[PDB]
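A.B. asks: One structure is given below, represented as structure tokens, and several questions about it will come after.
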Amino acid sequence: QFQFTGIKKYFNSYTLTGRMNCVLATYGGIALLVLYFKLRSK
Amino acid sequence: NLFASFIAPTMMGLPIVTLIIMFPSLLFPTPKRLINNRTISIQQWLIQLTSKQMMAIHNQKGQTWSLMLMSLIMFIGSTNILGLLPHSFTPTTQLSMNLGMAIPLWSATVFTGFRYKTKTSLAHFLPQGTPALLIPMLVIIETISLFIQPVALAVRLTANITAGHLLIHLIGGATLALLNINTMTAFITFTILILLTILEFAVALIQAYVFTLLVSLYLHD
Amino acid sequence: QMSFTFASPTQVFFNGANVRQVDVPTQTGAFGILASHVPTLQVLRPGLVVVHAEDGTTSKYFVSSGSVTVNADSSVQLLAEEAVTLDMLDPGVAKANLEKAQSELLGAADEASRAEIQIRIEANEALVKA
Amino acid sequence: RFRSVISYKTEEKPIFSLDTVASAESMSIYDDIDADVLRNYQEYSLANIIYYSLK
Amino acid sequence: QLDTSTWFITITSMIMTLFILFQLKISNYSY
Amino acid sequence: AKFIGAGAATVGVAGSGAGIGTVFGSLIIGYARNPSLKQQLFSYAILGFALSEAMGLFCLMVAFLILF
Amino acid sequence: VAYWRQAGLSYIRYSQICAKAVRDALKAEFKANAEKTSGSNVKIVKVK
């Protein structure tokens, strides 16, 4: 709403590199899948 | 028994980990006047004092990261100090958020270095100067040394706080048990003495966590 | 293998003499000089300096302040403001001066003047030992 | 400067009592130095040169 | 105990708070 | 037997940390006296660090061999 | 740095004090060296 314009410069200027959270998401998903498989094996 | 607080993501009918982790922000009022009350003047003086001691190394590009680092240090420091309360629940105990903190910033630095200074960023693996004729041996040393930074950076934080709380709980249990058999105030003396060190041990961890990232960023900037 | 010159603003004791070793009570601990010692530059403190001659005899002198210099070769220049021998000293007057300087400490008011008094008591206590 | 009972010569000598200029490459051979020591050493060298000139 | 494979909520909430709340409040400062 | 042998042989890498701490400490004090000669000091330091880490790696390899 | 330093005292002042202290301890027979020292013969005239 009225908060995007406050830090819009930051988001589109310098956090471009820091915006790579894909590695963390993939690692978390893989860990969760492995844990689910282990739990299902029982 | 002992492992009750740690494995307890804010037990309730609906999880309230978000409420617990968002609570510390309701202690930093935002300034709205030229001259303000006492409670915010100290905060801004402290922020000014801390800023000039750490971000005074980077030339121009590292000055952009100033807001992120100050926010990070204030957040971790506020989270750790609030956990000393008798029945609190420190979110920094959990490994999940520690793992979700280290990886993004480390990745940002490492592939920011390659984007602009690829020639020099590739050279940092080989130590500067002539290292005799042992080049292939140390080349594989520093590259594996690269990958261990986030793991240690998370694990030390995940470990030390739990160790401290375990010590406090065990000493409390010990001083409770010895009430029935004989009289010994040495144990409560140990507790009150250790509490000072546990109180002042958090801020050192905050400082080390921020400083290591500062050094890592400055290398590739 | 040494050229030692122990001079004073008034008289000269040695001029290019060759001795085996010289022991100096400088600042920041004692010292020992033999053969090709590493170069150094240090000031002195009130104490006793002994010089070992090639024959084997040891000559003794008392030094108040000055400078020490050992150069690249085996050349040593020891220039001191004072250079005296014990035979012209009185131990009793030394003890009396020390006794007065003791109460001078409590007599002092300001830390600079008491620093001067402390230098006084340091010199008096140093000399009464021998 | 006194040269003979019937002649004399006028001369001057330089002073490098500044600490910063003293700390140069050639001083690296001396290996037990400190800033305080060099300050005291220059202090003494000044009085020595003055006394020699008067005499 | 610390590894129970329920790590989604904490990461989401931490990202939200750190990257919105604290930066916005800390930006309104003078020096 | 394999598990306990592996768990006992892994201890030998402890000395590598002490040696690394020693060499790096010497470089710090050494640089303080003669900053001009910082070029030659490193070569020595690297040599020592590499040698100690090689000894530690050798012990680790022996432990891995006894495990398998 | 010693106690005399950081106390308003210079090395020359300390040398003067120690030399005076040593000269005091001399025997009365040899006390003619005060004539030789006689360090006070120069007056000071400032610009204003």
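Labels used: A, B, ... for chains in the order of the structure tokens, numbers from 1 for residues in each chain, and numbers from 1 for ligands as shown.
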So which residues of chain A fall under helix (DSSP H, G or I) by DSSP, listed as number ranges by chain?
C.D. replies: A: 4-6, 8-13, 22-41
A.B. asks: For chain B against chain E, which residues fall within 7 Å using only C-alpha atoms, given as a VMD selection string?
C.D. replies: chain B and resid 3 6 to 7 17 to 18 22 25 30 to 31 48 67 71 94 to 97 100
A.B. asks: Output C-alpha atoms of each residue in that selection to a file, as a PDB file, in the first residue's frame.
C.D. replies:
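Writing done, so here's part-v2.pdb:
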ATOM      1  CA  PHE B   3      14.507 -30.989  26.530  1.00  0.00           C
ATOM      2  CA  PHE B   6      13.574 -26.390  23.123  1.00  0.00           C
ATOM      3  CA  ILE B   7      11.157 -28.843  21.468  1.00  0.00           C
ATOM      4  CA  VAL B  17       5.707 -18.753  16.827  1.00  0.00           C
ATOM      5  CA  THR B  18       4.986 -15.710  14.656  1.00  0.00           C
ATOM      6  CA  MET B  22       7.433 -10.510  16.170  1.00  0.00           C
ATOM      7  CA  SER B  25       9.772  -5.108  17.548  1.00  0.00           C
ATOM      8  CA  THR B  30       9.976   5.545  15.781  1.00  0.00           C
ATOM      9  CA  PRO B  31      11.044   9.188  16.185  1.00  0.00           C
ATOM     10  CA  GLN B  48      24.971   6.135  16.094  1.00  0.00           C
ATOM     11  CA  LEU B  67      20.916  -0.526   7.195  1.00  0.00           C
ATOM     12  CA  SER B  71      18.904  -4.204  11.623  1.00  0.00           C
ATOM     13  CA  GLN B  94      15.971 -23.474  16.857  1.00  0.00           C
ATOM     14  CA  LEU B  95      18.320 -24.415  14.022  1.00  0.00           C
ATOM     15  CA  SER B  96      15.743 -23.633  11.320  1.00  0.00           C
ATOM     16  CA  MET B  97      16.029 -19.847  11.414  1.00  0.00           C
ATOM     17  CA  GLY B 100      17.637 -19.555   7.022  1.00  0.00           C
TER      18      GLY B 100
END
A.B. asks: Can you pull out every residue within 12 Å of residue 25 in chain D, counting only C-alpha atoms, but drop anything in the same chain fewer than 3 positions away, and send it as a list in words?
C.D. replies: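 Everything that qualifies: residues 20, 21, 22, 28, 29 and 30 of chain D; 34, 35, 36 and 37 of chain F.
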A.B. asks: For the residues selected in the previous step, produce a file with C-alpha atoms as a PDB file, in the first residue's frame.
C.D. replies:
ATOM      1  CA  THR D  20      59.469  10.835  11.859  1.00  0.00           C
ATOM      2  CA  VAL D  21      62.530  11.489   9.691  1.00  0.00           C
ATOM      3  CA  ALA D  22      64.619   9.356  12.063  1.00  0.00           C
ATOM      4  CA  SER D  28      65.810  -1.415  10.571  1.00  0.00           C
ATOM      5  CA  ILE D  29      69.142  -2.995  11.548  1.00  0.00           C
ATOM      6  CA  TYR D  30      68.574  -1.871  15.140  1.00  0.00           C
TER       7      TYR D  30
ATOM      8  CA  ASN F  34      60.216  -5.469  10.141  1.00  0.00           C
ATOM      9  CA  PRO F  35      57.181  -4.667   7.973  1.00  0.00           C
ATOM     10  CA  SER F  36      59.571  -4.256   5.032  1.00  0.00           C
ATOM     11  CA  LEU F  37      60.424  -7.977   5.003  1.00  0.00           C
TER      12      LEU F  37
END
A.B. asks: Could you check how far CA of residue 54 in chain B sits from CA of residue 156 in chain B, in Å to one decimal?
C.D. replies: 21.9 Å
